[PDB]
Every structure is written in structure tokens, then in C-alpha cells.
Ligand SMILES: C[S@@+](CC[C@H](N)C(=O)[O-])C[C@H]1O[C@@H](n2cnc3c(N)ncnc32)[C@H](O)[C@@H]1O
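In the form solved without this ligand, a lone chain appears below as C-alpha cells.
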């Protein structure tokens, strides 16, 4: 039902400020809403693209485009839109929470200078979570390995109408493709799926239990792992620590070493 439009001008401004916009910036916004945030991006940016599914919101677009010459609407599914065909450097958005996850990685894949995105509070906690904590998981690592992230503000239900049951959060994302060397990104993705499927088990036991994620059966993985651990380096001894207690740096390092081992096995 009319689900949760951003209305509170203070939280709009907080998002716009956090985005540090200048007239040289081209912004992508996900969702038109009432066009309150849209208007603020138009004021401060070179140009703003808005991907919107709901065509009944067109009145807001036409009224807005009568005032600003630098807004362009793309009518469609954000997950379906080819972002490679658009040239932007920032994303600022009150996201539809249902597409929270696949839209984050799609945007990161395409790349941007900076994103200032609204997520439900719980999801943002997991994005920014530190190792050894309740909210630390695959989402944390998947994100922090590719980007620097922080919650710039917590947002109460009173900032929206109809107004949600939960808090939201404004999250700042700064991609840093160079903070970690990754031997093979696809092997990293598989590794992360395998290990966070057994979050409270040792890395060693997680890998054996979810070996199919890395394209090996259980017995192969047992043997591989024993061969891999026959050399005595420190990082390898961290394979007996519990998955959730390894930091992003520890996971990257361990998977880099595992991949290189497998390459000569």
C-alpha cells in the first residue's frame, strides 16, 4: 500500500549533503517517489537519471521537468536496466527495500564514485558489521571487500509515509576495487558462499560441508585441505578459527592462498 515515500526534508537534505554533490556530478536515483529528493539532486547535480517502475507517478516527473532541464526518467525495472549504457558517477536513492541486495551488487559491479542509499536498518547493520558480531556475515564481507561503507544516519519511521514498521538507515558507499588484491573474484564469491553457509563452524569444516559450492565433493575437499595445510604458514593455521571471527582481510588472504594452492594441485 503506497509503500513508504521519503517525506522528511531534513533526511532528504542529510542524504544530499552526504553525497557531496557539485555541478560536475551526474547522479542516478532509484525510485521517483514524490520527487522531493529528485528535485534536490537536480538542483545540485549536473544531471539526474531516475529509474522508476511505477508509471502512475508520471505527473511528478512532468511537473518536475517543467522546472528542471536536467532530469531524465527511465521507466522500468532497476534490476533489468543496463547501467553500462548510462554515464553517472554517484547514486543517491531511497531504495525499494525488497531489491536491497541484488541492486547493491549490480551498482557496485557497474561502479561509482560514491553512493548514498537508504536501506532498512537491519540490512545496513549487516553491510557495515565488524567481524565476530551478530550481524557479520556474507553480506558484510561481499560489500566491505569491494567498498568502504558507513551508516551516516539512522532514520525513524516518521521520515516516511505510509510510514514503515522498522527504522531505516542512510548508508554511504565508496567503492575501493584496490583495497584488496583478489586472485579470482568468482572463486572469492564461491568461497564466501561455502564458508558463510556454516557461519559458526571452523573454516576447515565449512569448506568440507559446502564443498559443492567450490565444485568439489566432500572427500576431495578433505584430501585437498590436508595437502594444503601440510605447509606451516601462520595464515593457514587461521583455518581452524570460526568463519564469523575472520576479518574481511583474513578471508581475502585465506581465499587467495587457497586459490593459488589449487592452481598447482
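Residue numbers count along the first chain shown, from 1.
Just so it is clear, the following notes concern the form deposited with this ligand bound, a form of the same protein that is not shown.
Contact with this ligand in the entry with it bound, defined as any heavy atom within 4.5 Å, is confined among 232 to 240, 33 to 41, 64 to 72, 219 to 227 to 33 to 41.
With a 4.5 Å cutoff on heavy atoms, residue 262 does not count as touching this ligand in the entry with it bound; it lies far away. Residue contact with this ligand in the entry with it bound: residue 94 places a heavy atom within 4.5 Å of it.
Interface membership of residue 76, defined by any non-hydrogen atom within 4.5 Å of this ligand in the entry with it bound, is confirmed.
In the entry with it bound, at least one heavy atom of residue 51 sits within 4.5 Å of this ligand.
Of the listed positions (149, 99, 139, 83), a single one reaches within 4.5 angstroms of this ligand by any non-hydrogen atom in the entry with it bound, namely 99. Of the residues 214, 57, 26, 208, just one reaches this ligand in the entry with it bound with a heavy atom at 4.5 Å or closer; this is 57.
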